[PDB]
Amino acid sequence: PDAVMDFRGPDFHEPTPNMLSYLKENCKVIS
Amino acid sequence: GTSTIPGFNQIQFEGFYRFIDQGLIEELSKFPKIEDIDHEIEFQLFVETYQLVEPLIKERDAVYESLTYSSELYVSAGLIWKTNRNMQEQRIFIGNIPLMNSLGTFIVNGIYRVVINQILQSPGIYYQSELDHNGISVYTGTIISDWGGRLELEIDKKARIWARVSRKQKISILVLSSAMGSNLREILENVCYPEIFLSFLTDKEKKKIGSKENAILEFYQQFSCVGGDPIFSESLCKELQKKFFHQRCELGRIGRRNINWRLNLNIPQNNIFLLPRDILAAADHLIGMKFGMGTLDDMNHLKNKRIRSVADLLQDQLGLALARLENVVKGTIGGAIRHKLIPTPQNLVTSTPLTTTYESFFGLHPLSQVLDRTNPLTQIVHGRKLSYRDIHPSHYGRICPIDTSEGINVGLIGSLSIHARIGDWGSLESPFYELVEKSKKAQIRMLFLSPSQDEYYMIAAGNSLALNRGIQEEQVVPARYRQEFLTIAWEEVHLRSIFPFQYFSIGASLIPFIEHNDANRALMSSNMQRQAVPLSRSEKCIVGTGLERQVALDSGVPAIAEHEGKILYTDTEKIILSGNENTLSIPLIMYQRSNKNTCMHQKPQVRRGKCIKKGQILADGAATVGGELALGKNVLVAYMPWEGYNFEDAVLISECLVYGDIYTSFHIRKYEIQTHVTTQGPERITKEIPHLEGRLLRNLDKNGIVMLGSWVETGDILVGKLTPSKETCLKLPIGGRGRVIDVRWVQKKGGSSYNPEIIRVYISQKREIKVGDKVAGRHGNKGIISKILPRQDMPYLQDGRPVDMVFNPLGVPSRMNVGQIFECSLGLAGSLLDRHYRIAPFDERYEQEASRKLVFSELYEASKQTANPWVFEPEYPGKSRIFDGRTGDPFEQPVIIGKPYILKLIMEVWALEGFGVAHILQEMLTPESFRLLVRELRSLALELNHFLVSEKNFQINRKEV
Amino acid sequence: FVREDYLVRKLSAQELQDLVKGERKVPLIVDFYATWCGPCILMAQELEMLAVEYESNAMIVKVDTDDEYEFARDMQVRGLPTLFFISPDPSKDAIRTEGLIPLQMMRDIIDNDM
Amino acid sequence: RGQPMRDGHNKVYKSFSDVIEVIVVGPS
Amino acid sequence: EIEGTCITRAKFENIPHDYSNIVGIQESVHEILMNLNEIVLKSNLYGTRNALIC
Amino acid sequence: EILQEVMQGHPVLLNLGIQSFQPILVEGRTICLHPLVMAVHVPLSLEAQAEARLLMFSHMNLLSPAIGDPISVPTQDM
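Protein chains in written order, with the numbering used here: chain H, 44 to 74; chain C, 1033 to 1993; chain L, 24 to 137; chain U, 431 to 458; chain S, 310 to 363; chain D, 113 to 190.
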């Protein structure tokens, strides 16, 4: 009843990146 | 999405990435080069050096200042002046492009906005056959373009083929075909029925067909219906091309694919425009269709539909905005030439064509909607909506069969299934597990199927837990095939549907024991969960489906670490996390108002010294406990009639829910005012308001704005304002008592001499549960509180505990929602055993009566472990004798008791005439209604006079009307 | 701009060779795993947490037995999951553990024996 | 007449012919 | 019918409203009131008494 | 005190979709209706008040006009 959900468990998708940081990482937005 | 439930915002996320990564170029390359009348000055854009600049402001800033979260599009543009032969290149600022958050939401003028998905007919050729007035079959074939252009064909009574462009315009096939360069000789040779085509060749038509130019004039005469003989000219074709062929005959890549496959043509996929053979091929099948060769199209099949997502709409706006900018420069280029001035490429370009095109799209487009932020569930499901009435077999696993609208849009706004995905042709795809033969590599057995491929696979949803003296491969299961249901052996099965939540939307997938509820109550349950108010204290459900954690993660309501490390400091306002020589400060939302006046508030879920992985939870938002959606409370409930206070959907509750603060919620209301410049002067804010009592002004500060932390009531002035002077103060309306928690004040920095002043006052209300409030379970069991009783008046259990709510048991058999009975019993067992249950739906796939076995066994274990024999009665499991709090006598029959999860939610003239109450009717109608009618009739040169003839002396009196 | 989601590095046998022959200052923990082994899913999550706890005070690596089967057998791997705790002191001998050991037991080995 | 007059915002002009044409239970 | 005694109100010195925060206190003002609400007292006498936290 | 006085003997119309009832002041914030039954109209003239009391009250309309069946037969929990 007091469990904290572990969002990195096997039944969870990969963490959602921040959209701006994702665009900058893939070199489509320049600082 | 192959082995987990995908992120609920993935469709929005991928779509926006496609717009930035590929969508910008496709539109920026369609921008024509701009040349003047004299061809002296030419302007062009160097698209390969297009750039996007990160926003200067933050998302929280764009909300606080009511700005737009956006990025700056920069391109290099060259301007050659052949007068001086100097080519000048500068980095031009085209405008702003709104950016999307990871949650799939846009911030436009401070308003959270979501672009919903539209479903539309796909371009292609569709063969229909409608019955005429005489019952004679008539076969029709329609070509749909990428723009929705319809070039309809038909077979008439005389077998003459007509190109119906509109309800009144008809064009013969031969005229249209010849205007496109197809001579009369080839058409006969390449059609299966040349004798049919020759049979309709009138002498007048033959002479015009003989030349391409005359056929164009004949086509224009029929298409335009203009009396006279047009003269061939280049301008006529240009006008004809845009009105007809640019709108109706540009198939696109999707239409070309559908045209090719439907008509069995080997035409390259690169040809996006209509060909003469495609029109001719449509004529051939139409004849063969009438004579029994083939099948008619189903327009409601999803393989004939396509989905337009945020990528499609944002790309249209950019394309529309680039058409305006071209004419903006064309106007400005002419002006510089008329003044013989050298124009800097900049002065030729203004940002408004790109900025105002997107503010107008988000503000006015019906697919751009203000995000529903009532609770974490409403945020996540808004972006998954599909806007267009019957369920189709092609929907299974793609469009939820339950979640729809209530009213007149029913069946026209649906939800995407949990595992659904948008494919490479605007098609919805769903994953299935492939049963492959012995000899194949088959790395990944999970494959996504588009609706076209679904019909031709044998898809089973049963299991393989059945054996007789034969072999397992010969056991039979129900399967779907060719849009019907069969019963085939396992060895004939191609695919298996294995995901528990595959066929339903998010709202339906949050209902435990849904397979024991009638499907109509599951729809009403999805709506009610979207109306649930976040409570000041939150609590996990004892019984859930297991999808609650996914909703919490995808809603963005909690705080999740973007970096691994350790926690160093937590308070109410922030959490400090440091990892790999990098320290991060994460602010926490406090008492923030949402779109629907609900309260958002984050509480830390971690302590100092706790290690975190990237993507793990840090703080709990409102209606979220421990990373799970928590929309309600578990309360003690009995199902029995109680003196008519739970008649129909009325609900009787105990006072302990009131003074225990079980269902108390926070509600923040924002009151706003602005200053405007009237013709007599500018409006002023001041405490000194004439002719007002000082009692009302007691809450105002020296400038005339209510103090922070005050306790305002109805009528009390929040902002003192004077209109040049007449009082126009911001007064608290009726039913608005509360506490001022935030005052905001700023001037809009404009270019005028007066900057408007904007004041915002935020008032918090703590609302406990009341008579008249509405509550609901998750099984479509909705009720209205009618009576609040002291705890000693409530029925009480054999442990002495009074119940908290009493529901009418007569509501269950009529509504056929048995799932609430399973949930309440299992909730009681979990509370006594200190357990929570997360049960995927359709547990009967394991064995018969799986839910009954789970519930009864857990009830017995709770009874045995806690020594509470009333919890499991062998004589009548789930029910127990309870006592009347008023008298102490037991109620005669045993009563079902439990601990479910309950949420708190946000002709007359004829009847009077039938009674003969003539004077009541006259009062309820009152004449201005008739006097105004006379004047409107006078506008049409009609007079309506009312005359009274006296019954005494027969004198006529004209009434003053 | 985007932090990587996984800290534990996967190494070849040749790469692990040079890491052990070379000079080391922190304890070296080597995980043998296979994507088809059910318990390795549980072990993978524990070692990621151990990497967060020991940022630079330990080095956590993993080796797939599907790719380095011969290397695993020579290292006396008898089954999965198997962990090797290798000290930076070349004289001390390595510690091989078998089974899904608790996170606290890993910490005690690293702190007291590494 | 056919196609009616329309303004600049693509709206058909209306003529005069168009112009003329909570509860809670109490058991006691 | 059995009576009890508990804290009926609290006065704060330098607080704008009960939904603010104080520098140096982990909890918020609203959380303080809930903690005061759960304090169990006993008394046989009637009347509004006052007590102090300093 | 005055509101209770003037309300007594003054029926109101509630919208057999529309009927006439004698209102009584109740505690709370909700309108309370008997289990066998939002616009509220107060008749002003004495002619309208007579019609409400003598023609539209819920006890001279016990039979439905369709076939002459009773209207307020006990249902459900009753």
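Virtual Cβ for every residue (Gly too), placed ideally from N, Cα, C.
In the three-state DSSP reduction, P1590 of chain C falls in the coil class, being neither helix nor strand. Close CB contacts of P1226 of chain C within its chain, under the 6 Å cut and outside five residues either way in sequence, are with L1220 (chain order). Among the residues facing chain L, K1646 of chain C is included, as its CB has a counterpart in that chain under 7 Å away.
With contacts defined by Cβ atoms closer than 7 Å, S1419 of chain C and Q1150 of chain C form a contacting pair.
Among the CB atoms of chain S, one or more fall inside 7 Å of the CB of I1773 of chain C.
Between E1571 of chain C and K1665 of chain C the beta-carbon gap is near 5 Å, inside 8 Å, which marks them as a contact. In the displayed model, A1682 of chain C falls within a strand according to three-state DSSP.
Taken through DSSP and simplified to helix, strand or coil, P1408 of chain C comes out as helix. Neighbours of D28 of chain L in chain H, taken as residues at a C-beta separation under 7 Å, are given in chain order as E57 and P58.
The beta-carbon of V449 of chain U is placed no less than 7 Å from the nearest beta-carbon of chain D. Residues of chain L whose Cβ lies closer than 9 Å to the Cβ of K67 of chain H are, in chain order, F24 and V25. Taking 7 Å as the cut-off, the Cβ atoms of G1930 of chain C and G1859 of chain C count as close. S64 of chain H belongs to the set of residues whose beta carbon lies under 7 Å from a beta carbon in chain L. Proximity of chain U to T187 of chain D at the Cβ level (cut-off 7 Å) is not reached, the minimal Cβ distance being about 13 Å. Within the region 1622–1646 of chain C, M1622 and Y1623 place their CB atoms closer than 9 Å to a CB of chain S, listed in sequence order.
Proximity of the region 1552–1567 of chain C to the region 1396–1408 of chain C meets the contact definition, three or more beta-carbon pairs being nearer than 8 Å.
Using a Cβ-Cβ cut-off of 8 Å, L145 of chain D is close to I453, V454, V455 and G456 of chain U, given in chain order.
Between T1604 of chain C and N344 of chain S, the C-beta gap is not smaller than 7 Å, which leaves the two residues out of contact. Contact between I1928 of chain C and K1911 of chain C holds, with the beta-carbon distance rounding to 5 Å and staying under 8 Å. Residues of the region 1963–1983 of chain C with a Cβ closer than 7 Å to any Cβ of chain U, in chain order: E1968, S1971 and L1972. Against chain U, the CB of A1682 of chain C has a partner CB under 7 Å away; the residue lies at that interface. For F1464 of chain C, no alpha helix (DSSP H) run applies; the uninterrupted beta strand (DSSP E) run containing it begins and ends at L1460 to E1466, by DSSP. In the assembly as shown, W1522 of chain C is a buried residue. Its beta-carbon has 16 or more other beta-carbons within 10 Å.
One alpha carbon belongs to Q433 of chain U, the other to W1194 of chain C, and they sit about 24 Å apart.
The C-alpha of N135 of chain L is placed about 38 Å away from the C-alpha of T59 of chain H. Following the DSSP letters along the chain, one finds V1949 of chain C in no alpha helix (DSSP H), marked with neither H nor E. Within chain H, no residue has its CB atom less than 9 Å from the CB of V1793 of chain C, the nearest being about 33 Å off. In the structure shown, the three-state DSSP call for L115 of chain D is helix. The region 1045–1053 of chain C makes no contact with the region 1479–1486 of chain C: fewer than 3 CB pairs, one atom from each, lie closer than 8 Å. The beta-carbon of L166 of chain D is placed no less than 7 Å from the nearest beta-carbon of chain C. Across the structure, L1206 of chain C and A1247 of chain C are spaced so that their CA atoms are roughly 9 Å apart. Classified as exposed, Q116 of chain D has fewer than 16 neighbouring CB atoms from the shown chains inside 10 Å of its CB.
Judged by their CB atoms, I1412 of chain C and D1586 of chain C are nearer to each other than the 7 Å cut-off. Judged by DSSP secondary structure, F50 of chain H falls outside any alpha helix (DSSP H); it is assigned neither H nor E.
Residue environment for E1516 of chain C: exposed (fewer than 16 other C-beta atoms within 10 angstroms of its C-beta).
At the C-beta level, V1146 of chain C and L1403 of chain C come within 7 Å of one another.
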